[PDB]
Amino acid sequence: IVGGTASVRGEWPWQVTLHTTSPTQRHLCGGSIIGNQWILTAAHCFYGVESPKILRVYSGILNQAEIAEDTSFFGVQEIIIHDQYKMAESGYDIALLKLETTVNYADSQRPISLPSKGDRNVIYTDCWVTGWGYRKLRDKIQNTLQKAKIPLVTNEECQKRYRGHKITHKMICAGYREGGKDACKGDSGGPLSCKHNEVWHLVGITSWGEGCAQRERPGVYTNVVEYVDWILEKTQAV
């Protein structure tokens with residue numbers, strides 16, 4: 001996260017840090033708890049990932065330093081990538097991680113509500129992007145979970161900033177005309193959470209952007225509300 005500040009422990013209880021154990025353990029991407037056995041994240045986070053066996057999901061974390069070899073984690077039983085996903089910039093950058101065990105909810109780890117189709121008309125004015133991503137294009141994974149308040153921008157306005165791309169209604173952007181605050185490498189898969197009527201909703205999933213926090217370059221996120229049907233269908237037992 002560029003231009004953000006340290007989060008308060010437990011402030012974003014749905015935020016998880018997804019690690020890969022190959023070659024050695026390290027933070028890979030962010031993600032959000034949306035169900036007792038489900039993490040919603042970005043599909044592009046699994047590039048080069050052949051098996052769920054090398055993944056570890058850690059919940060209730062503020063500082064990466066809290067994670068040691070003796071720290072408990074959730075194994076991943078299955079990685080579900082949207083069948084239409086090709087690459088972040090083309091959309092459909094969404095994936096589900098089915099955990100091997102269920103998360104026991106507590107003040108430090110609980111699910112975030114998904115947006116309702118009836119809220120697509122609602123204008124969010126209190127949105128935050130969080131993560132352990134870079135603090136600057138050329139940086140490294142941060143120890144403390146960072147947060148930054150960023151205003152949503154209309155898709156028409158976003159399209160104007162990315163003339164070489166197609167900003168679809170399945171995407172949502174957030175940023176300052178002057179830049180300065182934005183997600184960055186390592187924040188991918190994490191949430192764009194907006195508080196509306198005292199209730200937090202998972203509005204977007206950190207996906208991509210031209211560099212990080214640049215002027216006239218809003219961050220691009222997966223528009224979660226456009227995938228509630230997909231999420232329901234994929235998270236059904238059988």
Side-chain angles (χ1 to χ4, degrees), residues 1-19 27-42 45 55-67 71-74 93-97 99 102-115 119 124-135 141-152 172 174-175 181-207 209 212-213 219-225 227 231:
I1 302 293
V2 178
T5 64
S7 296
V8 174
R9 180 177 289 287
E11 163 160 52
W12 313 105
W14 48 87
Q15 171 88 238
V16 301
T17 165
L18 174 65
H19 287 206
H27 164 90
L28 174 65
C29 274
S32 299
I33 294 172
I34 60 167
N36 289 77
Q37 193 177 183
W38 301 95
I39 301 301
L40 190 68
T41 184
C45 286
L55 301 181
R56 288 189 172 188
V57 170
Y58 293 86
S59 59
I61 303 301
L62 172 61
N63 302 129
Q64 288 292 327
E66 303 172 27
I67 301 173
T71 299
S72 69
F73 61 87
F74 292 100
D93 192 8
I94 184 167
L96 284 160
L97 295 184
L99 306 179
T102 62
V103 177
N104 292 315
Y105 298 152
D107 290 304
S108 58
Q109 56 193 217
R110 61 90 163 179
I112 178 167
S113 299
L114 292 174
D119 270 339
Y124 299 109
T125 51
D126 187 31
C127 301
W128 297 70
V129 65
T130 51
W132 294 271
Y134 290 9
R135 277 190 109 143
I141 299 307
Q142 299 301 295
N143 178 48
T144 308
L145 180 64
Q146 298 288 297
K147 62 177 179 183
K149 184 179 182 180
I150 303 181
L152 295 180
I172 190 170
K181 291 184 174 182
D182 184 22
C184 201
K185 187 167 185 176
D187 292 318
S188 294
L192 170 59
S193 320
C194 306
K195 189 166 69 175
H196 187 62
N197 288 318
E198 315 293 51
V199 179
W200 288 98
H201 289 84
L202 182 56
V203 173
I205 298 171
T206 300
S207 187
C212 298
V220 184
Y221 304 71
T222 299
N223 192 8
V224 179
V225 72
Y227 295 95
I231 293 170

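Numbering of residues begins at 1 and proceeds along the displayed sequence. All values below were derived from every heavy atom in this structure, side-chain atoms included, with hydrogens, water molecules and symmetry-related copies excluded.
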Any donor-acceptor pair under 3.5 Å linking the side chain of [X] with the backbone of [Y]?
{"X": "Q146", "Y": "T144", "answer": "yes"}
{"X": "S188", "Y": "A42", "answer": "no"}
{"X": "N36", "Y": "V103", "answer": "yes"}
{"X": "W132", "Y": "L28", "answer": "no"}
{"X": "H27", "Y": "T17", "answer": "no"}
{"X": "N143", "Y": "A65", "answer": "yes"}

*Mind running side-chain hydrogen bond (donor to acceptor under 3.5 Å, both in side chains) on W12 and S7 for me, showing each step along the way?*
CA-CA 8 Å; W12 313 105; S7 296; 3.1 Å; yes

*Knowing that exactly one of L192, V203, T41, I94 qualifies, which makes a side-chain contact (heavy atoms from CB on, under 4.5 Å) with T222?*
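It is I94; the other options fail the test.
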
_side-chain contact (heavy atoms from CB on, under 4.5 Å), paired with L40, selected from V16, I33, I34, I112_ =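 Exactly one candidate clears the test, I34.
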
What distance separates [X] [atom1] from [Y] [atom2], expressed to the nearest 0.5 Å?
{"X": "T71", "Y": "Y58", "atom1": "OG1", "atom2": "OH", "answer": "6.0 Å"}
{"X": "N223", "Y": "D93", "atom1": "CG", "atom2": "CG", "answer": "13.0 Å"}
{"X": "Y134", "Y": "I1", "atom1": "OH", "atom2": "CD1", "answer": "13.5 Å"}
{"X": "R9", "Y": "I61", "atom1": "CZ", "atom2": "CD1", "answer": "7.5 Å"}
{"X": "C194", "Y": "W128", "atom1": "SG", "atom2": "CH2", "answer": "11.5 Å"}
{"X": "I67", "Y": "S72", "atom1": "CD1", "atom2": "OG", "answer": "10.0 Å"}

Can you give me the closest heavy-atom contact between [X] and [Y], atom names plus distance?
{"X": "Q15", "Y": "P191", "answer": "NE2-CD, 3.2 Å"}
{"X": "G219", "Y": "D182", "answer": "CA-OD1, 3.5 Å"}
{"X": "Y221", "Y": "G204", "answer": "CB-CA, 4.2 Å"}
{"X": "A174", "Y": "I150", "answer": "C-CG2, 3.4 Å"}
{"X": "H19", "Y": "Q64", "answer": "NE2-OE1, 3.0 Å"}
{"X": "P111", "Y": "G35", "answer": "CB-N, 4.2 Å"}

_Assess the residue pair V129 and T206 against the criterion (side-chain contact (heavy atoms from CB on, under 4.5 Å)); give the C-alpha distance rounded to whole Å, side-chain angles, the decisive distance to 0.1 Å, and a yes or no._
CA-CA 8 Å; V129 65; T206 300; 3.7 Å; yes

*Taking the six-membered ring for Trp, are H196 and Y124 parallel (under 30°), tilted (30 to 60°) or perpendicular (over 60°)?*
perpendicular

*Between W200 and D126, does a side-chain contact (heavy atoms from CB on, under 4.5 Å) hold up when you go through it step by step?*
CA-CA 10 Å; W200 288 98; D126 187 31; 4.3 Å; yes

*Determine, step by step, whether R56 and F74 satisfy the side-chain contact (heavy atoms from CB on, under 4.5 Å) criterion, reporting the C-alpha distance in whole Å, the side-chain angles of both residues, the deciding distance to 0.1 Å, and the verdict.*
CA-CA 6 Å; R56 288 189 172 188; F74 292 100; over 6 Å; no

*Heavy-atom distance under 4.5 Å between the side chains of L18 and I39, does that happen here?*
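A side-chain contact under 4.5 Å is absent here.
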
